[PDB]
Amino acid sequence: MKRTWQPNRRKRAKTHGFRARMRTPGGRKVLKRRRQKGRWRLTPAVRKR
Amino acid sequence: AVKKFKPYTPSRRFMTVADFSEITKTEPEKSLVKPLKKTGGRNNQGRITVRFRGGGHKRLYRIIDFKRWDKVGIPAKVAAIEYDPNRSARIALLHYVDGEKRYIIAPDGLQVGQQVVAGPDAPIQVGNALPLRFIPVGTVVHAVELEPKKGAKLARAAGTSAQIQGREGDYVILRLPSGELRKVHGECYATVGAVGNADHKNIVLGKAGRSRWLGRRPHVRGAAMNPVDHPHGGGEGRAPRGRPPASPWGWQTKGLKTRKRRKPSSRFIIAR
RNA sequence: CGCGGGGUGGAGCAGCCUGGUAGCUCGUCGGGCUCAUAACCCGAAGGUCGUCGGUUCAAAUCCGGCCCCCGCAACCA
RNA sequence: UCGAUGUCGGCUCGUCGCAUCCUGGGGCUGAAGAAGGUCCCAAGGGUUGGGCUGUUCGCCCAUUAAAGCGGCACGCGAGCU
RNA sequence: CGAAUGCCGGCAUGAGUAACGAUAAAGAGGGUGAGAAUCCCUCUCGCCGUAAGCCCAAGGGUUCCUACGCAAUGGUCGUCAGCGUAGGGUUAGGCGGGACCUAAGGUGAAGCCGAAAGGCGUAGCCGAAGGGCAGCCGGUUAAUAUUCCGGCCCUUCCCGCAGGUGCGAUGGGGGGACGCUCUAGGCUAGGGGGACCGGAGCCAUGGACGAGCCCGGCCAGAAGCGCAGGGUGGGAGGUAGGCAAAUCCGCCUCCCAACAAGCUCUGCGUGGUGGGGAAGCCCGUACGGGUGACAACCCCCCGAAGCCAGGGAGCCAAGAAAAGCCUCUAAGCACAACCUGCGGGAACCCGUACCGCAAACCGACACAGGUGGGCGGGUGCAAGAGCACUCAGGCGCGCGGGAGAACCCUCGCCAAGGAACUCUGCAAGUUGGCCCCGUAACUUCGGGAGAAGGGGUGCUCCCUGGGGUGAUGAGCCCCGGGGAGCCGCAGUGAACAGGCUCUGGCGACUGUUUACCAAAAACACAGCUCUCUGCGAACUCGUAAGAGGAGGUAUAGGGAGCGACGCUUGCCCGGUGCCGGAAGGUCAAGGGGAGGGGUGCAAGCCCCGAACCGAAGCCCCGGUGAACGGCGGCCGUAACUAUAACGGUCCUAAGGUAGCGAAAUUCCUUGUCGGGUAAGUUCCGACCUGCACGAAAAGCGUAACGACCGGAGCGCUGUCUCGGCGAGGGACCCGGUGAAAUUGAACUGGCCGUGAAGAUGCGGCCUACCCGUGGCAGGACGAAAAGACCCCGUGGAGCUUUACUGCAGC
RNA sequence: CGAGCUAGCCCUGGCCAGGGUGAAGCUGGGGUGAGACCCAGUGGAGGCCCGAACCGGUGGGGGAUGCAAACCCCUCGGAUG
RNA sequence: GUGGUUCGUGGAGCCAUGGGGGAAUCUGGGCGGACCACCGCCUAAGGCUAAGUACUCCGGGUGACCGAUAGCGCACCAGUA
RNA sequence: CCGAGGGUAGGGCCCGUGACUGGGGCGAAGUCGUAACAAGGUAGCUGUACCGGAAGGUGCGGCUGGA
RNA sequence: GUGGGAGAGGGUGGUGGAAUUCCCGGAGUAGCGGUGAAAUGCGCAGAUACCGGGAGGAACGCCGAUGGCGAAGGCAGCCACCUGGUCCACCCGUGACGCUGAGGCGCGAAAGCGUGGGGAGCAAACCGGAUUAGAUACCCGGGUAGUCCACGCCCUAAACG
Ligand SMILES: NC[C@@H]1O[C@H](O[C@H]2[C@@H](O)[C@H](O[C@@H]3[C@@H](O)[C@H](N)C[C@H](N)[C@H]3O[C@H]3O[C@H](CO)[C@@H](O)[C@H](O)[C@H]3N)O[C@@H]2CO)[C@H](N)[C@@H](O)[C@@H]1O
Ligand SMILES: [Mg+2]
Ligand SMILES: [Mg+2]
Ligand SMILES: [Mg+2]
Ligand SMILES: [Mg+2]
Ligand SMILES: [Mg+2]
Ligand SMILES: [Mg+2]
Ligand SMILES: [Mg+2]
Ligand SMILES: [Mg+2]
Ligand SMILES: [Mg+2]
Ligand SMILES: [Mg+2]
Ligand SMILES: [Mg+2]
Ligand SMILES: [Mg+2]
Ligand SMILES: [Mg+2]
Ligand SMILES: [Mg+2]
Ligand SMILES: [Mg+2]
Ligand SMILES: [Mg+2]
Ligand SMILES: [Mg+2]
Ligand SMILES: [Mg+2]
Ligand SMILES: [Mg+2]
Ligand SMILES: [Mg+2]
Ligand SMILES: [Mg+2]
Ligand SMILES: [Mg+2]
Ligand SMILES: [Mg+2]
Ligand SMILES: [Mg+2]
Ligand SMILES: [Mg+2]
Ligand SMILES: [Mg+2]
Ligand SMILES: [Mg+2]
Ligand SMILES: [Mg+2]
Ligand SMILES: [Mg+2]
Ligand SMILES: [Mg+2]
Ligand SMILES: [Mg+2]
Ligand SMILES: [Mg+2]
Ligand SMILES: [Mg+2]
Ligand SMILES: [Mg+2]
Ligand SMILES: [Mg+2]
Ligand SMILES: [Mg+2]
Ligand SMILES: [Mg+2]
Ligand SMILES: [Mg+2]
Ligand SMILES: [Mg+2]
Ligand SMILES: [Mg+2]
Ligand SMILES: [Mg+2]
Ligand SMILES: [Mg+2]
Ligand SMILES: [Mg+2]
Ligand SMILES: [Mg+2]
Ligand SMILES: [Mg+2]
Ligand SMILES: [Mg+2]
Ligand SMILES: [Mg+2]
Ligand SMILES: [Mg+2]
Ligand SMILES: [Mg+2]
Ligand SMILES: [Mg+2]
Ligand SMILES: [Mg+2]
Ligand SMILES: [Mg+2]
Ligand SMILES: [Mg+2]
Ligand SMILES: [Mg+2]
Ligand SMILES: [Mg+2]
Ligand SMILES: [Mg+2]
Ligand SMILES: [Mg+2]
Ligand SMILES: [Mg+2]
Ligand SMILES: [Mg+2]
Ligand SMILES: [Mg+2]
Ligand SMILES: [Mg+2]
Ligand SMILES: [Mg+2]
Ligand SMILES: [Mg+2]
Ligand SMILES: [Mg+2]
Ligand SMILES: [Mg+2]
Ligand SMILES: [Mg+2]
Ligand SMILES: [Mg+2]
Ligand SMILES: [Mg+2]
Ligand SMILES: [Mg+2]
Ligand SMILES: [Mg+2]
Ligand SMILES: [Mg+2]
Ligand SMILES: [Mg+2]
Ligand SMILES: [Mg+2]
Ligand SMILES: [Mg+2]
Ligand SMILES: [Mg+2]
Ligand SMILES: [Mg+2]
Ligand SMILES: [Mg+2]
Ligand SMILES: [Mg+2]
Ligand SMILES: [Mg+2]
Ligand SMILES: [Mg+2]
Ligand SMILES: [Mg+2]
Ligand SMILES: [Mg+2]
Ligand SMILES: [Mg+2]
Ligand SMILES: [Mg+2]
Ligand SMILES: [Mg+2]
Ligand SMILES: [Mg+2]
Ligand SMILES: [Mg+2]
Ligand SMILES: [Mg+2]
Ligand SMILES: [Mg+2]
Ligand SMILES: [Mg+2]
Ligand SMILES: [Mg+2]
Ligand SMILES: [Mg+2]
Ligand SMILES: [Mg+2]
Ligand SMILES: [Mg+2]
Ligand SMILES: [Mg+2]
Ligand SMILES: [Mg+2]
Ligand SMILES: [Mg+2]
Ligand SMILES: [Mg+2]
Ligand SMILES: [Mg+2]
Ligand SMILES: [Mg+2]
Ligand SMILES: [Mg+2]
Ligand SMILES: [Mg+2]
Ligand SMILES: [Mg+2]
Ligand SMILES: [Mg+2]
Ligand SMILES: [Mg+2]
Ligand SMILES: [Mg+2]
Ligand SMILES: [Mg+2]
Ligand SMILES: [Mg+2]
Ligand SMILES: [Mg+2]
Ligand SMILES: [Mg+2]
Ligand SMILES: [Mg+2]
Ligand SMILES: [Mg+2]
Ligand SMILES: [Mg+2]
Ligand SMILES: [Mg+2]
Ligand SMILES: [Mg+2]
Ligand SMILES: [Mg+2]
Ligand SMILES: [Mg+2]
Ligand SMILES: [Mg+2]
Ligand SMILES: [Mg+2]
Ligand SMILES: [Mg+2]
Ligand SMILES: [Mg+2]
Ligand SMILES: [Mg+2]
Ligand SMILES: [Mg+2]
Ligand SMILES: [Mg+2]
Ligand SMILES: [Mg+2]
Ligand SMILES: [Mg+2]
Ligand SMILES: [Mg+2]
Ligand SMILES: [Mg+2]
Ligand SMILES: [Mg+2]
Ligand SMILES: [Mg+2]
Ligand SMILES: [Mg+2]
Ligand SMILES: [Mg+2]
Ligand SMILES: [Mg+2]
Ligand SMILES: [Mg+2]
């Protein structure tokens, strides 16, 4: 059947990107938490040009 | 007149379509004056706030003239009468000698080629606009302003009118389509005649689809729902209500008057 | 089986809960009116209060046990 | 037996008890014969096909030597429905 | 530490067990190799072929090409690989994206709002498979190419020279610019045919040296033409509108046009040049190379859904924006500038490999699932993207080999009987395409209808009739009709392709829903009715601002119910709701102080505090049922009995009318007649004693409609009597890889007892050499899930209201 | 933190072979005082019919440590809304 | 009308205060738990102000702290796979 | 080829029959009430419409076969 | 044909006042209504009665008749338009064109039906109050369809002279 993962680079970027997270206090805290944690990747890596 | 069909299909046996014979050879509209992009959307910034809206034909807005006092004294020739997707009435395309082209909402009896004009001057004829004062008591009228210089707001639906009843210092009394008795300021413009397309009420949609074409989504009964959804939801195999009939939001829907009492508008109203 | 409602002249109903007196209606009987009958009028009688028992100074009336009458319930399986 | 014993009826397969429906053996009979009634021995084998109902049962249809009762977790769902 | 269905780990059992992922299928010879069913090569075979073939987009991201490799990954093997090591490989002014535009939406200076964080928010900005925009055809690489190279062709920009003109904008206007369905003409794509032109070869096995078989007979292309079509009127005056201005546009007014004549713009045809070019055969490659060839490269036909495109015609639901483009002027500039022609010079950034219906994307897997767009050849079946076969192209689905038991899946066939099977004809059968006869009740006059039931269907020869395209003829192509005749069991000879009726229920109907057990009679629906709302509407979301409603205005918008259509919807307003009542009763804060207390020496200061004044709500008075709801008991009575039109009485707010009625409703019940049957708890018609119908939670009907539910009959069958044979895939045996839940340990028999009451394990007796293998499924209260019912717990949640208590709201 | 599954709405694009039946409306004829209306012919309507793609998920069987945490075979509904 | 305080409307002050009314400048004002007298204490409606105190990313010392199933999640290129 | 007739299939008229049901005819002395004939104690009749155990009543218009 | 006349003859548009009902204002107090008599009912929440104002619907008093017109059903305030029939004078033109009329076709009171509109009075149904033995009636107080209009149906009558 159709599963739940339907990859889209634009969506992944607009949805979970560094700039989206930065836009709101909710998201800014996510970066803070991930930084303090020592996460190698703050936001998902969306590729291609 | 109303177009009628033979039952060559079920739902074609009741279906019924407007007569478009008053639609003069001018079916597609007029750029310049109108159209605008019209912005379909069944809801506010976010959430739906009027249920069951959506779908249905794309539209172009015809930006019509609801304040006729710009062109006081300037007459215009009625050039055409065309279909307007965004109202029950039809609209008149008129050419002002000025050059300017406006649409007026098209009254019953309006003929193409006719002369029409607005102002204190203005022969009392179908199509003309006047401040309510100079209009003879008892004449039927439409596109009436509520307060002066604020635009036509009463009687624009197809086949509607108001009748002038009497006067009272600065106000003339109106009898509105609903039957209400209203004091409306003398200085309010209103155009003589009834609205026309009066056979609008006689049309039978005929099937579900037609409803959808006009963007009317299926309306579901409270009875059909559940207690979470509606006061009428549940219980077992059908149910008669079990309380005084209500809206989904709990207010009673048979009888409960809802106009706020202390409206300052009150001292200008005399009926139902 | 459990639940609670009734048994009052010939018929249908009051009366009880706040015991002490059984009343209304109809029908029955005698008298009248009419040529006559019905209607009307004037008068008149008729109830061991379902049946056993005590409760009491006294039970239609309060309390128990049976007697038929009516209405309710009888559910998860 | 609730850290589960699947619960009606049908179906397949059975198998047992006899307080025996049929067939064998009998006694009494208000047993002439034939046919019954009834009781006593006896389970070795038998114990049909349908209409209606989920039905068990039952009621009919047409036959029969007869159209037996009951147990086996209202036998049988790691066999079916 | 021994138990916590404990935690983490390791290793056992089941077990050499089930499996090895589509039943599209394989065999052999030769190579390589330490080692081959599996790797390369060849021959033969089978499978896709509106794909299982090629081209995009998304997503993936080294998976591409090559050398050397086989420990692992591959469901076996592997010399192979999408795997391991290394190296190479993606070339653009013209394709796509960006230095262009705007959509919903986002963002957002002005502005408004919010305890904060933040929420709105016109102008502008951002935002794309939408608008705008200049590249076609061939060649070379192991791997890239509309990117390189070849030929032919364009686009901007910047500086020049040459000629024209009032040039000039983010501002005006015009255009871009828009639906659906049906379409005409002329073409192109693609396809068929050819005695003609080009070709290696070919006569097989009885015949054919022949218009014989086989292969192939194009591609691109500026100008100028040619054909088809798209667009457009030209003058002059007046001008108060397009938010400054206008020579523009708009509105009047006259003349000329009414035509595509003329202007331009597309597409196609031709085009200077350029390019490709088969089968076969010989080569050594994994693959591509030469030869055929100096290839030929020509006529006929069919022909689009594609091109001309902003084409036309009808309809109602009435069909984006902005820029590029044309123009009009404004400031300003007019030694500037802009247009046209020519020259030279400038033209950046990112993507470009490969997979791409799948072994590289989404599903933990090399997964039988999912995944948008374009091409998708031929022949035959009426047609088509259907179906059968087959081009090109691509596969034989990464375990094999044997055997030929039960039993299972998938299939085929059956005497006689045809529903007896069964909860049901569940399933399976029959039927099946086209043409032609031929068709009922009913009906809203459409339909019912493919009603039913029928016949025709091939091939041969003769005669004969319309078109199409060609000239009016030839052919090639599409449709017809008539007449003889041949053959078979059988002619849509294979494949795709209704079983038909009758009568009830429910719902009108197409529609919609429980993604992953219910598709319905539930939802919706047109339509009907009630009720709210006069517009800063009611209603909804948000504290707000604000937005929806709606850029709507009572023929409009919200809420409820009912649900096409026909005939209809009775009576009760006592209770509850809703509505309407300047009276009255009651009523909080506050107004009011008659009056009483606390202090003080007093002036004072501080409390209590009754009259009466005080809203809405209630109470009370009214109305209202397509508002919540409701719509009776008993006793008698007719000249056969029976029965009760008739009466008496109690009670009510009023006591169910019509129309249905043992029902989707009927307990007693298989009610009672009647029909269908040999037989009928079901079905159909009736009676009515309606446990417990009933009129908009609508009542009684209704043609048509339905994967809805019930009953009946015909037709037909393996459903059955009642089985039997046959096929393929497994099962079984050999080689290879090889799991699982489960498991206190086990050396694990019957009966009769007994035991916590159903024993392999206790008692007595009975039987029983040790161990396996294919099978059946009675038992181990077998496995699986801390029972889903039940009850408990002062455990939890969703729900309702005249439970309490608050809160938003009014 | 989630509408990359799903539920609706908005904006922009796309897809729906091939047949059937043949409404209005025109056109001619008939009819009439003018009509209505009736005939053909044309016309090409429709939550219309058959049937692919495509969107479904009706009935049965299979599958059930599956190929699959919804699948496969036969069968069925819609397919210009 | 509320918060703060041991204070939950209590006899409820004091300190903060959203709403209404609304003074004085020392013979002025507040408080000393309703209030009033008396006796006392402070001087509101402007601000600033070390130190003693809290913490422990980071460096150092020390442990009747662990010693690779412990000790931080990580002794190991871990907020990695 | 035709063709008596036989078979399958579907329609047309007619007759018989049917639980049950509708109203109808006739049947000496059954119940109910009084509609009509006298102005019939509400003038009557009437088409239509609703309602009622029943004659009947009533609404609207009409008639004189009444005042 | 020529020239005249009477008419509630038909259709559409427009319009006048009287009266009833309701709302509003004034003034006004204890009953009004109704009948054979009563009661339901209306009214101190201010009725009836009177004044003034507004709204709306239907019907046109006097003239009016024993009258006029129409083929019938029918048709009545007033105005205009559109329009049918008809009588009279003259004897002007035609020149038998004549009468009836199966079917067909139109017309057709009232009540009723459809969709829309309107609704003042009245008024089937219905509810009450009296009268009755009962009264689903007569009388009384309410009241819905309807009566009114546009259009479409219906087609019957004591459509009677
Ligand atoms: N022939 C009379 C027709 O039927 C009806 O009349 C019938 C009934 O009304 C009538 O019934 C009458 C009754 O009215 C009257 N008051 C009492 C009488 N005993 C009855 O009588 C009836 O029954 C008896 C006995 O059985 C018979 O002998 C007698 O013939 C018969 N008429 O009997 C008639 C049938 O015979 C209509 N009313 C009348 O208009 C119609 O024309
Ligand atoms: Mg525009
Ligand atoms: Mg947002
Ligand atoms: Mg609904
Ligand atoms: Mg529900
Ligand atoms: Mg709720
Ligand atoms: Mg609720
Ligand atoms: Mg129910
Ligand atoms: Mg409810
Ligand atoms: Mg339960
Ligand atoms: Mg248990
Ligand atoms: Mg256990
Ligand atoms: Mg024995
Ligand atoms: Mg014997
Ligand atoms: Mg047995
Ligand atoms: Mg049993
Ligand atoms: Mg038992
Ligand atoms: Mg059992
Ligand atoms: Mg089972
Ligand atoms: Mg222990
Ligand atoms: Mg352990
Ligand atoms: Mg373990
Ligand atoms: Mg095993
Ligand atoms: Mg085995
Ligand atoms: Mg195996
Ligand atoms: Mg395999
Ligand atoms: Mg090797
Ligand atoms: Mg094939
Ligand atoms: Mg790699
Ligand atoms: Mg490779
Ligand atoms: Mg190699
Ligand atoms: Mg391997
Ligand atoms: Mg694998
Ligand atoms: Mg590699
Ligand atoms: Mg740049
Ligand atoms: Mg940009
Ligand atoms: Mg932009
Ligand atoms: Mg925008
Ligand atoms: Mg924002
Ligand atoms: Mg673009
Ligand atoms: Mg480009
Ligand atoms: Mg490649
Ligand atoms: Mg210029
Ligand atoms: Mg511009
Ligand atoms: Mg512009
Ligand atoms: Mg030979
Ligand atoms: Mg060319
Ligand atoms: Mg200007
Ligand atoms: Mg070559
Ligand atoms: Mg077009
Ligand atoms: Mg712009
Ligand atoms: Mg490339
Ligand atoms: Mg590529
Ligand atoms: Mg594809
Ligand atoms: Mg594989
Ligand atoms: Mg796959
Ligand atoms: Mg797909
Ligand atoms: Mg075909
Ligand atoms: Mg094709
Ligand atoms: Mg195919
Ligand atoms: Mg057989
Ligand atoms: Mg046979
Ligand atoms: Mg048969
Ligand atoms: Mg049977
Ligand atoms: Mg059986
Ligand atoms: Mg059946
Ligand atoms: Mg079947
Ligand atoms: Mg059926
Ligand atoms: Mg049916
Ligand atoms: Mg349905
Ligand atoms: Mg679905
Ligand atoms: Mg489901
Ligand atoms: Mg379905
Ligand atoms: Mg909101
Ligand atoms: Mg708004
Ligand atoms: Mg809006
Ligand atoms: Mg509405
Ligand atoms: Mg409903
Ligand atoms: Mg319903
Ligand atoms: Mg219904
Ligand atoms: Mg009702
Ligand atoms: Mg009530
Ligand atoms: Mg009430
Ligand atoms: Mg009331
Ligand atoms: Mg009230
Ligand atoms: Mg009050
Ligand atoms: Mg019954
Ligand atoms: Mg019932
Ligand atoms: Mg049968
Ligand atoms: Mg029977
Ligand atoms: Mg029977
Ligand atoms: Mg019901
Ligand atoms: Mg109801
Ligand atoms: Mg359906
Ligand atoms: Mg079989
Ligand atoms: Mg086999
Ligand atoms: Mg093996
Ligand atoms: Mg042993
Ligand atoms: Mg035992
Ligand atoms: Mg032992
Ligand atoms: Mg033992
Ligand atoms: Mg077992
Ligand atoms: Mg078991
Ligand atoms: Mg178990
Ligand atoms: Mg438990
Ligand atoms: Mg408790
Ligand atoms: Mg036609
Ligand atoms: Mg069509
Ligand atoms: Mg369709
Ligand atoms: Mg299902
Ligand atoms: Mg279909
Ligand atoms: Mg406090
Ligand atoms: Mg103080
Ligand atoms: Mg102090
Ligand atoms: Mg102090
Ligand atoms: Mg400080
Ligand atoms: Mg560790
Ligand atoms: Mg260690
Ligand atoms: Mg008959
Ligand atoms: Mg009879
Ligand atoms: Mg009478
Ligand atoms: Mg009488
Ligand atoms: Mg009388
Ligand atoms: Mg009458
Ligand atoms: Mg009456
Ligand atoms: Mg003469
Ligand atoms: Mg003469
Ligand atoms: Mg005549
Ligand atoms: Mg009438
Ligand atoms: Mg209607
Ligand atoms: Mg009245
Ligand atoms: Mg009397
Ligand atoms: Mg009355
Ligand atoms: Mg009539
Ligand atoms: Mg007369």
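Scoring rules and cut-offs
- Residues numbered from 1 in each chain as written, not as in the entry; some residues may be left out.
- Chains lettered and ligands numbered in written order.
- Part of a larger assembly, values for the part shown.
- Heavy atoms only, no water.
- UniProt positions renumbered as here; feature names shortened; annotations may be inferred.
- Core = buried A, V, L, I, M, F, W, Y, C linked by side-chain atoms within 4.5 Å.
- Buried < 20%, exposed > 50% of the residue type's maximum accessible area, 1.4 Å probe, protein only.
- Contact = heavy atoms within 4.5 Å.
- Helix = DSSP H or I, 4+ residues; strand = E, 2+ residues; numbered from the N terminus.
- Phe/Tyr/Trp six-rings, centres within 6.5 Å; stacked < 30°, edge-to-face > 60°.
- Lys NZ or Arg CZ within 6 Å of the ring centre and 35° of its normal.
- Pairing = 2+ DSSP bridges.
- Near = heavy atom within 4 Å.
- Polar contact = N/O pair within 3.5 Å; in protein donor to acceptor, adjacent residues only side chain to side chain.

- As recorded in the PDB entry, chain B goes by 50S ribosomal protein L2 and comes from Thermus thermophilus.
- A UniProt comment under Subunit is attached to chain B, and it reads "Part of the 50S ribosomal subunit. Forms a bridge to the 30S subunit in the 70S ribosome, contacting the 16S rRNA. May also make transient contacts with protein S6 during translation in the 70S ribosome."
- Per UniProt, chain B has the following entry under Sequence similarities: "Belongs to the universal ribosomal protein uL2 family."

- As recorded by the PDB entry, chain A carries the name 50S ribosomal protein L34 and is attributed to Thermus thermophilus.
- Heading Function of the UniProt record for chain A holds this comment: "Found on the solvent side of the large subunit."
- Entered under Subunit in the UniProt record, the comment concerning chain A runs "Part of the 50S ribosomal subunit."

### Things to note about the nonpolar core
All names here are of chain B.
Part 1: One finds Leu132, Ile135, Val141, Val144, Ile164 and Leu174 to be the most contacted residues of the largest nonpolar core, which totals 16 residues.
Part 2: Apart from residues lying up to four places away in sequence, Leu132 is in contact with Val144, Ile164, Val172, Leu174, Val184, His185, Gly186, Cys188 and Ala190.
Part 3: By size, the runner-up hydrophobic cluster in this structure holds 12 residues, among which are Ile64, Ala80, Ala152 and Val195.

### Observations concerning the environment of B:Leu132
Residues and elements named next belong to chain B.
Part 1: Within the fold, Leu132 resides in the loop between strand 9 (129-131) and strand 10 (140-142).
Part 2: The class of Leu132 is buried, set by a relative accessible area of 0%.
Part 3: In this structure, the C-alpha to C-alpha distance between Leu132 and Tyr96, residues 36 residues apart in sequence, is 23 Å.

### A short note on the packing of aromatic side chains
Residues and elements named next belong to chain B.
Part 1: Throughout the structure, instances matching the rule amount to 3 aromatic pairs over all chains.
Part 2: Between the aromatic rings of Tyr171 and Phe268, the centroid separation amounts to 5.3 Å while the plane-to-plane angle is 45°, which identifies the pairing as tilted. Here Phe268 lies in the segment after helix 1 (208-213) and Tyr171 lies in strand 14 (residues 171-175), a separation of 97 residues in the sequence.
Part 3: The cationic tip of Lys71 hangs over the ring face of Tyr96; the distance from NZ or CZ to the ring centre is 5.2 Å.
Part 4: The ring of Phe268 carries the charged tip of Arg267 above its face, separated from the ring centre by 5.2 Å.

### Remarks on the pairing of strand 15 (residues 181-185) of chain B
Residue and element names in this part refer to chain B.
Part 1: Burial along strand 15 is one-sided: the face carrying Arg182 and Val184 is buried and the face carrying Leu181, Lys183 and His185 is not.
Part 2: Relative to strand 15, strand 14 is paired through 5 bridges, and the arrangement is antiparallel. By the bridge assignment for strand 15, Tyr171 is matched with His185.
Part 3: Between strand 14 and strand 15, which pair antiparallel one after the other, the connecting turn spans 5 residues, and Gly179 there sits at a positive phi close to 105°.

### A short note on the protein's contact with RNA strand E
Part 1: Taken together, 119 residues are adjacent to RNA strand E, and A:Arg9, A:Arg10, B:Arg13, B:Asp98 and B:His219 come closest.
Part 2: A breakdown of the atoms of RNA strand E within 4 Å of the protein gives sugar and phosphate a share of 75%.
Part 3: A distance of 3.0 Å is found between a phosphate oxygen of RNA strand E and a side-chain nitrogen or oxygen belonging to B:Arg156.
Part 4: The separation between a phosphate oxygen of RNA strand E and a polar side-chain atom of B:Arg221 is 2.6 Å.
Part 5: Ranked by the residues each element gives to the surface near RNA strand E, the list is headed by helix 1 of chain B, at 4 residues.

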